[PDB]
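K.L.:
just the structure for this:
(chains A, B, C, D, E and F, ligands or ions: 12)
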6 protein chains.
Amino acid sequence: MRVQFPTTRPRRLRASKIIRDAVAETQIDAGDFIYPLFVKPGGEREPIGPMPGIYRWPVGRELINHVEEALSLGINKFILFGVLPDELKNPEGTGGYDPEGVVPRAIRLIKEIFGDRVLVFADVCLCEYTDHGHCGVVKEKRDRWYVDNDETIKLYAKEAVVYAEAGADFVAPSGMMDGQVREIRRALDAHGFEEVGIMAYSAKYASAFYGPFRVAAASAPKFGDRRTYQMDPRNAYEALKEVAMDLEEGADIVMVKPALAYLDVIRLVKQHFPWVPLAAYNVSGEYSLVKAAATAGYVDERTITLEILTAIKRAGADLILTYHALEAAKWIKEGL
Amino acid sequence: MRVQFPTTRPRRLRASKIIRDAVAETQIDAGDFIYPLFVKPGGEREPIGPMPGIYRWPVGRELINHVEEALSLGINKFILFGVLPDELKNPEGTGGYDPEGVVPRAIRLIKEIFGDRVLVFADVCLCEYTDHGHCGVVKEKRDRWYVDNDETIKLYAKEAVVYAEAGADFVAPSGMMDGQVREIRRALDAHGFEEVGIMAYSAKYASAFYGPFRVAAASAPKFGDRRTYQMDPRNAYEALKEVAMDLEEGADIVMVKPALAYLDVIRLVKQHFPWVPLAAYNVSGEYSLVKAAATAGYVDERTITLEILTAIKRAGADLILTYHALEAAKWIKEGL
Amino acid sequence: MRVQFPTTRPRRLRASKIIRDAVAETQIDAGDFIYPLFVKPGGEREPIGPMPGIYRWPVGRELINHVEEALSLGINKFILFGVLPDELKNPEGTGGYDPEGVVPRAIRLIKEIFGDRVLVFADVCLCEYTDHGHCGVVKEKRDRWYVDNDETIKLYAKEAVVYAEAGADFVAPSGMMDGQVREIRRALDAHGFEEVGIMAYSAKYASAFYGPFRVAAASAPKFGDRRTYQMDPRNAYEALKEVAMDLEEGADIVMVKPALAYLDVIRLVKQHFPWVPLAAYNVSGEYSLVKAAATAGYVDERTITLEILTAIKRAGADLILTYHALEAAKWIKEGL
Amino acid sequence: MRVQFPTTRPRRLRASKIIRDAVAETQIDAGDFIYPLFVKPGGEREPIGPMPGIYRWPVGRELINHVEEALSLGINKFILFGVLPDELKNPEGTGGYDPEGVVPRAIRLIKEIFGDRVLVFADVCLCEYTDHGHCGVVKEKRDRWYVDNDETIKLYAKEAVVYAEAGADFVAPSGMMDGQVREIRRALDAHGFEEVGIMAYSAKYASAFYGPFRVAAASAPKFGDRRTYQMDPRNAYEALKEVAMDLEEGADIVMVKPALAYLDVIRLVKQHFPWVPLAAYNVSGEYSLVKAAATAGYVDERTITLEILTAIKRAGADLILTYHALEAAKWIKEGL
Amino acid sequence: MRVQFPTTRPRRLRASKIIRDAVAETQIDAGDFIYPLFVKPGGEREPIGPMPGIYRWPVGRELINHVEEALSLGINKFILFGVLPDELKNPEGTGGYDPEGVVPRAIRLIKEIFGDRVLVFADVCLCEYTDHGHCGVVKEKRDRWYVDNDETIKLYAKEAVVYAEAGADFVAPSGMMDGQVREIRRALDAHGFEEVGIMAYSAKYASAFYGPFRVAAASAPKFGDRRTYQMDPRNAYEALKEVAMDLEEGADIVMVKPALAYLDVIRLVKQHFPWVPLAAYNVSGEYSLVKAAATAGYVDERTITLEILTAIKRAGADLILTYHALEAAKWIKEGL
Amino acid sequence: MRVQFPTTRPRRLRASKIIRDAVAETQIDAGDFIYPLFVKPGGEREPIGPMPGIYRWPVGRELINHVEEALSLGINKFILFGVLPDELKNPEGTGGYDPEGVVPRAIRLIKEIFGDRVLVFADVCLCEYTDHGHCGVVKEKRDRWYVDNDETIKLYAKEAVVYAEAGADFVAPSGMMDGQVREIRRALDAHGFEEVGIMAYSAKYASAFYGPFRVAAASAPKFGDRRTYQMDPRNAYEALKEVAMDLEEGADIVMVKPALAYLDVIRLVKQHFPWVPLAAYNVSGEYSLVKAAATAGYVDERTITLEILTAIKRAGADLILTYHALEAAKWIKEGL
Ligand SMILES: [Zn+2]
Ligand SMILES: [Zn+2]
Ligand SMILES: [Zn+2]
Ligand SMILES: [Zn+2]
Ligand SMILES: [Zn+2]
Ligand SMILES: [Zn+2]
Ligand SMILES: [Zn+2]
Ligand SMILES: [Zn+2]
Ligand SMILES: [Zn+2]
Ligand SMILES: [Zn+2]
Ligand SMILES: [Zn+2]
Ligand SMILES: [Zn+2]
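P.N.:
Residues are numbered from 1 along each chain as shown, chains lettered A, B, ... in the order given. Ligands and ions are numbered 1, 2, ... in the order given. Okay, here it is:
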């Protein structure tokens, strides 16, 4: 850029909202969001401690309130999460594959009464359904403990096929187990579900930003370490290897969890794989950080959230996984 | 990445701590920090609410109280923002360019007494020193108002040369006025300050994350927004234009502000000007956001500020300005 | 690609209306449109037969009425075109820089009444304001006629500086005359208008698609050929020099006329100048093709108008000029 | 660049048709073209005034009529389409794989009467030959309706092998069914037609421009909406992955349908696959659009048809499928 | 680099140890070192002639009374080279696969007492273990003397399996035999050690900087050279292939050997494989070179060894194999 | 890089000396060497202990016989370095720019009894001729000592005009003062030496590899670091700014000193400025290191010093400055 002052004034293009908006590089809208719904196996509906305004819906008319409202705001794609009582959690997380489950009743339900007016994403992991709360089967092999890869993946394979049968449009493995997309695809495709798609949590990072979702889903270990499956957050370039394998194995969409502390990684993923669609999870504690600081007084809650989503899109995410979606979607007239 | 499962299992590199540390793309230390000091004539220490624990020191023994504390931790670079009473602000900003004003008094104090034991960056702006809260001279053309450019640039020059005359090692224009780097670098070269550097706040954005600052600086704009000179969070590639021109003008170091919600932009700049040092400002807000969540339950203050500051490095920043600085430095045992 | 069938099924993402929208690369709105107004000295709104729908509005209530229309549909960006009768046309151009002629009044009216809720681009040429209709001063040098650059350049500087006074946010030169942008920028900078912005028709081509413009503005070359000055349509890369020079000269926005038939150029410019706002002109004729073919049986109007505007976006343009502007902006019902 | 007015004047190279023709980046000719022949079983020369210009040829004595003319102008490539009545179409589409069908008899003939003096492409789709009108076999997977991917490929195999036998030099799938190239290949290879090559419509877009070729072959659809196979026109980068698969899978030439509206794609595909050849079908509508504006006076049919064909060439296209071909061919005086 | 003098004065970033360290591109700490231990069956510490200051340790109680001292300074990663009395040395090399060898003892020992507080790599080659001292197994075709690639490769497999059996975290094939990685990778997986990892001497040059190590290990060749396996020094680009092939093969870490004299290759590989963690070997007599010259008078031992270690980093290396590391690490204040 | 073992066996190309030689990316001849001569005033061939092998030749038979012998080995180009004692040194460094000095006599002589048969680079720097050993002029302004950039740089232009007049083909500035090549080519051009070229020591690192030369020449600085003018070895990319400025300023040849421990900077520099011819200085320490390692036979002095030199080629350097020039030019028969 051998443009030069004062012949060229960058500020001409910031003289007025009507112009900044014309020449703006990024744009958001409600379609870019996926809303996550927490689903518990009948009962009351429960407020969620870390996550203001977010709830754990039992699988009923709690739809009426929420999936239909969200639709009437523009949000029309959803990702579902099992949240159990400890009383049905076993060290090989049977929860995940139980057609009379939690989530597969939620899927069945929503997809019955809404049909193709919605798209349902379905989380594929054991950490919401295991005794110990890691994302897989453990092996007390005679040295030390570790979440064993090759048996834990076949559990994800079953997990998927339940939801595929129950009618979910997408399946989306968050395990960070290697070969996960491989052994799912080959499940699905063997059970005649070529129609079903896979959105891989491919570059999922070992983050403190999960604090709230651990509380809000039950998932939370008893030997407290993700670090031997979730990516080391010092590593950006590592993420390319992970997106590339998760693509040869045949995922359809790819993502980066969390987003806000990883925007640099989104743009490095997006610009080596332009042809891929790219999602990104405005995660658990990126929410409650805003909210903490919004009410405790510090930051205009409206602006700072749209600033934080415009950021995620600007980096290069095509789809964003916010718990905000709804309260962001009536945001229809932004400051930027 | 013509690479398969199960021949290469990415988790081999995740599996120890000794190894993840062995292979980690990024690392960080207290050399990388720049701690900001708030500074005032007042005579009485004065706490910033929406911080906190960051105070508005008067020019006295924040010396061999506080700068000397910061130093003992490996933190030897400081940026000064002067603050003051509405009593002594006018529309043309004088308190800035004023040999006897706050910042100069402080610069001279800190230099004469540490000396070359530390660096002293000096913010150059008029937001802390004006009547209207804005960063330049204001005018009216007809329908509307504006911050006239080339009349304020000249004021930045005076400030720059006032703080240089006092001892300043670098001058750092925060205004986003066009041309300023060059009107500073020249006015400086003229007064015999070839030896004084310029750290340009090159790509600084119209952010909602500044809230806490304006209270810390008595600098909130008393009418309207800054969206008329600070960049449009919508825009990444715009910052390659802004950084290029600042380099051509004589900027020794170039920065991205705010840092956390613009990591994509850090990396974009850095992957383009590999040969320039790149600063990043972990702002007023991404401290206040954190201390908020921290206080009110949601997150581990320690592990999430070191995820956040590490994220800033990984994207590309060589230096970080942060109000954590001191606390982050005793985090001298790497939890990742 | 390390990507094979059946493992990867590219149709998965084409499966529903809902996911196709999800992963789509491109999009549109009235925010992206620059609607032209054809403005005339006095009388009636004359219909313009080769371009059904768009009349020639007489500068006054009936116009400024029709601009509220545009504004209620989201459109807030107008490029002003002066048309006037034979009797006021002459060899060296007059009307164009007659301070209370056609377009100055139009600029003013629209600014005074709406002002900072609406952006005004003002075209800078001598086609609509000359005897011959050629876009510059015509000279004779012992061979044949030729359109003189450096004396027509000068006349633009006069035209731009007039519209500048009248209140125009932007000036936009369509003459393809060399160094035009710099003369306009130096004039404007000299007569006080550093605030005022230039949008070069940098890469305007010698197309057949302008015919119905020369019926709307009576710009018809009374003899000969634009080809002496407008770009040779065999040349894609030639337009990288045309952009690059206009950018050094001091342009702010850059465009490519026509648009539909030069989509590959739009990509080529945009991928060499990611940091520059690009625009593009869905012209005089590309509308007149969609109309004549639709009007007479051959293709659906609202799908082909939309599909064509979705192109220009996809090809690269942040802004599209179109005489489809409004009808496409009520196409909020995105049919793909 | 480093290239400046007035020292460099672009217009020196615009100032005569003798240097514009010298420095021109692009050329065209009959050699570049590929002429479609709509063929039908028994009847008169049925006119396609839904276009118009083009006719529907009765397989037999009116090759002289056409092919032998075209060839006299240097048009020596032909892609064959088939038209049948409703009495002769069924849900599996047997028009295709019937050696005394329409399209296989037209091959025998022209290959018999001309030999290697004229190359012959054959269209491999069911849309001309099914009673629904869809490009594939329709199904009803327990719930909604769809076009079965794997099953409809295996018909395209039979079609291709039938047309190989019957005499085609090349074959061309346009169903956009994933794997079409792979299976048409193995079929052809293992009936010893490794000689015979595949011109994949590998980036066919779901376009409003086909309206005419619907009324030219009776291939419009009953439960109608092609968006589940034919591409999402928001998508350019999609097309790299869609081409790059058809190359692995053994395609020979790669193409983009439509052309005019997707020139931006062409440049993208060609700059990523410089080594593969690349055609682009100038559509039924892009031809018709021009004609109906020619009807009602808005453009010079001759200029705007050479301007369009010279643009597809400009973009990257090696070959061009055009209904103009025969007009375009006898324009031997390049009017630009 | 459009930057010009005197307005840009590159010396401003060299004026102060503060600011010179601020903008420093590169950094070092013990966490980058892998220290090599020479292990012998018994007796005492033989000092090593050429490498003044390293000993051959007996697999005794100077494990800890070196390895414990290594730990303290901050060096926790070791690579284990065996050193045999050449009674136990044959043409097939049978210290390599002997479970009660030296290397297997010292693995079994160090991990017994240090556990996963220390990482342990084993060297895998047969120059320490054959009577002829070649890295593989010799043969004679119609040729003469030649190291057999495909037989010898199987012994590295047998060697590695043992070292994992004995308990090594990692394994490292230095023979430069082709395809050596998936032959070692398929043993390890096929004997359940999915968890063990491979640091691959990918680009290991045929160098004279090994003079000292040949003496420390008894690994000198009795005949011929290493040139028919180890890389030819003239070639940088050959090392991309050699790396790229070892990463398809299942490798984890990838080194260039030796280092100082092949830094241009270290940058060349790191810039083609940014996602892959790259090691490098500050090799036998890159250390004896320094150690000689320091006694000799000529050069400063401290700064020259840190300049050389900083170098191998500044290039790329994420890990350095060095015989300095211990004395290196207690340099805790920067030369540069 | 989709070669796969065992189909592709890298070792085929290492088979024999001939095939290695056949494919080798790099070569040497003595054409690439530039031999330095330390030249002293008072007649007495004085040996150099921290070399050794090199002398302080006095200007006469002894010297001119040395170069006579050089040329015979093909060493046909030299760089002259003036050594002289503590009487002829002084703060401003006069010694350097006296035309009856050593270095201007040494030139004129070689030029007399050789002329066009030989090329003579002249080093331009005050560190050989000052009281204090610094490469420029010290100023003790305030209470910090600092080498003054704009005052030393005029005295470089003197020294330069002087050697140009003695008959030097090239002039080469090694002081790393900024704007030096500019100052030197304005002076040469003014006194009418437009054909006298400049080889800048563009990117000269502050090394510990220089201690032997400090002894040879007496450049040993009496007080302090060279750190404030020499490049920090931590930085590679900083080199490109340094070269690109030296090119714009008028350089012809560009160098990177030292070489061995900066091969990586050579590749980085040479890949960005491929059209610039690049030299590299094999230094004082990279000679004396080797010599000592050889003298206490740790490593083979013939193969190491061609291995070292072949590396400086492989990296990018078209010319190498060595003291091995001759002993390495005779070594006709390759390593390697
Ligand atoms: Zn989980
Ligand atoms: Zn994975
Ligand atoms: Zn400010
Ligand atoms: Zn700026
Ligand atoms: Zn015009
Ligand atoms: Zn132009
Ligand atoms: Zn079809
Ligand atoms: Zn396909
Ligand atoms: Zn070996
Ligand atoms: Zn290998
Ligand atoms: Zn010197
Ligand atoms: Zn320099």
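
K.L.:
wait, doesn't residue A:38 sit right on residue A:217?
P.N.:
Yes. Between residue A:38 and residue A:217 there is a contact under CB atoms under 8 Å: 6.6 Å. In this view, the C-beta of every residue, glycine as well, is placed from N, C-alpha and C.

K.L.:
overlap in contacts of the two?
P.N.:
The overlap between the contact sets of residue A:38 and residue A:217 (CB atoms under 8 Å, 6 or more residues apart in numbering or on different chains) consists of A:81, A:83.

K.L.:
between the two, which one's more packed in?
P.N.:
residue A:217 (26 against 23; other CB atoms under 10 Å in any protein chain shown).

K.L.:
how about the more buried one, what does it touch?
P.N.:
Counting by CB under 8 Å, 6+ apart, residue A:217 has contacts A:38, A:81-83, A:128.

K.L.:
check the gap between it and chain B for me.
P.N.:
Distance of residue A:217 to chain B, given as CB to the nearest CB, to the nearest Å: 15 Å.

K.L.:
distance of that residue from chain D?
P.N.:
Distance, residue A:217 to chain D, using CB to the nearest CB: 30 Å.

K.L.:
separation between that residue and ligand 3?
P.N.:
43 Å (CB to the ion, to the nearest Å).

K.L.:
ok, now residue A:214?
P.N.:
From residue A:214 to ligand 3 the distance is 40 Å (CB to the ion).

K.L.:
let me know the helix or strand that that residue is in.
P.N.:
For residue A:214, the host element (DSSP states H and E) is helix A:211-217.

K.L.:
is that helix anywhere near ligand 1?
P.N.:
No. Helix A:211-217 lies out of reach of ligand 1 by CB under 5 Å from the ion, never closer than 8.2 Å.

K.L.:
hey, C-alpha coordinates of the strand or helix carrying residue A:243 in PDB?
P.N.:
Using DSSP H and E, residue A:243 sits within helix A:238-248. Extracted C-alpha coordinates of helix A:238-248, given in PDB (Å, rounded to 0.1, in the frame of the first residue of the first chain):
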ATOM      1  CA  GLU A 238      -1.300 -27.300  14.800                       C
ATOM      2  CA  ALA A 239      -5.000 -26.500  14.000                       C
ATOM      3  CA  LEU A 240      -4.300 -27.000  10.200                       C
ATOM      4  CA  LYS A 241      -3.300 -30.600  10.700                       C
ATOM      5  CA  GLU A 242      -6.400 -31.200  12.700                       C
ATOM      6  CA  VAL A 243      -8.800 -29.500  10.100                       C
ATOM      7  CA  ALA A 244      -7.000 -31.400   7.300                       C
ATOM      8  CA  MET A 245      -7.400 -34.900   8.800                       C
ATOM      9  CA  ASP A 246     -11.000 -34.100   9.900                       C
ATOM     10  CA  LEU A 247     -11.700 -33.200   6.100                       C
ATOM     11  CA  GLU A 248     -10.100 -36.300   4.400                       C
END
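
K.L.:
tell me which residues are up against it.
P.N.:
Counting by CB under 8 Å, 6+ apart, A:178, A:180-181, A:200, A:202-203, A:231-232, A:254, A:256, A:265, A:268-269, A:272-273, A:276, B:1, B:3-5, B:10, B:25, C:2-3, C:7-8, E:274-275 sit against helix A:238-248.

K.L.:
is it correct that residue A:79 falls within a helix?
P.N.:
No. With DSSP: H, G, I helix; E, B strand; the rest coil as the criterion, residue A:79 is strand rather than part of a helix.

K.L.:
my read: it touches residue A:38, true?
P.N.:
No. Using CB under 8 Å, residue A:79 makes no contact with residue A:38, being 10.1 Å away.

K.L.:
from what I see, residue A:104 and residue A:163 are in contact.
P.N.:
Yes. Between residue A:104 and residue A:163 a contact is recorded at 5.8 Å, counting by CB under 8 Å.

K.L.:
tell me which residue in the stretch 101-250 of chain A sits closest to chain F.
P.N.:
Chain F sits closest to residue A:248 of the stretch 101-250 of chain A, with a gap of 13.2 Å, by CB to the nearest CB.

K.L.:
against residue C:7, how distant is that residue?
P.N.:
In this view, residue A:248 and residue C:7 are 8 Å apart by CB to CB, to the nearest Å.

K.L.:
in terms of neighbours, single out the busier of these two.
P.N.:
Counted by other CB under 10 Å, residue A:248 and residue C:7 do not tie: residue A:248 has more neighbours, with 20 against 14.

K.L.:
show me what contacts the nearest residue to residue A:216 once chain neighbours are set aside?
P.N.:
Among residues not flanking residue A:216 along the chain, residue A:48 sits closest, at 4.8 Å (CB to CB, 6 or more residues apart in numbering or on different chains). By CB under 8 Å, 6+ apart, residue A:48 lies in contact with A:38, A:54-56, A:212, A:215-216.

K.L.:
may I have the phi/psi pair for the closest residue to ligand 3 within chain A?
P.N.:
Residue of chain A nearest ligand 3, by CB to the ion: residue A:11 (14.6 Å). Per-residue torsions, residue A:11: phi -80, psi -10 (degrees, to the nearest 10).

K.L.:
count of residues packed around it?
P.N.:
Applying other CB under 10 Å, I find that residue A:11 has 20 neighbouring residues.

K.L.:
doesn't residue B:149 make contact with it?
P.N.:
Yes. Under the criterion of CB under 8 Å, residue A:11 makes contact with residue B:149 at 6.6 Å.

K.L.:
list residues touching both of these two?
P.N.:
B:177-178.

K.L.:
which residues does the closest residue to residue A:235 other than its chain neighbours contact?
P.N.:
Distances taken as CB to CB, 6+ apart put residue B:25 closest to residue A:235, at 4.3 Å, once the chain neighbours are dropped. Applying CB under 8 Å, 6+ apart, we find residue B:25 in contact with A:232, A:234-238, B:314, E:318.

K.L.:
now do 10 Å
P.N.:
A:232-239, B:313-314, E:274-275, E:277, E:318 (CB atoms under 10 Å, 6 or more residues apart in numbering or on different chains).

K.L.:
can you report how many residues neighbour residue A:2?
P.N.:
Neighbours of residue A:2 using other CB under 10 Å come to 13.

K.L.:
can you check residue A:61 too?
P.N.:
9.

K.L.:
need the phi and psi values for it.
P.N.:
According to degrees, to the nearest 10, residue A:61 has phi -60, psi -10.

K.L.:
again with the one 5 residues further on
P.N.:
Dihedral angles phi and psi of residue A:66 (degrees, to the nearest 10) take the values phi -110, psi -50.

K.L.:
same question, residue A:147
P.N.:
The phi/psi pair for residue A:147 (degrees, to the nearest 10) is phi -80, psi 110.

K.L.:
contacting residues around it?
P.N.:
Going by CB under 10 Å, 6+ apart, the list of residues near residue A:147 reads A:126-127, A:130, A:132, A:134-139, A:175-177, A:221, A:225-226, A:228-229, B:11.

K.L.:
contacting chain E as well, which ones from those?
P.N.:
Contacts with chain E are made by residue B:11 out of these, judged by CB under 10 Å from any CB of the partner chain.

K.L.:
just the buried subset of the contacts of residue A:147, please.
P.N.:
A:126-127, A:130, A:132, A:134-138, A:175-177, A:221, A:226, A:228-229, B:11 (16 or more other CB atoms under 10 Å in any protein chain shown).

K.L.:
so which of the residues you listed would count as near chain F as well?
P.N.:
Answer for these near chain F: none qualify (CB under 10 Å from any CB).

K.L.:
in helices only, show me these.
P.N.:
If you go by DSSP state H, the buried ones among the contacts of residue A:147 have nothing in helices.

K.L.:
just to revisit the earlier point, what about the residue nearest to residue A:216, distance to chain C?
P.N.:
Counting by CB to the nearest CB - residue A:48 and chain C are separated by 27 Å.
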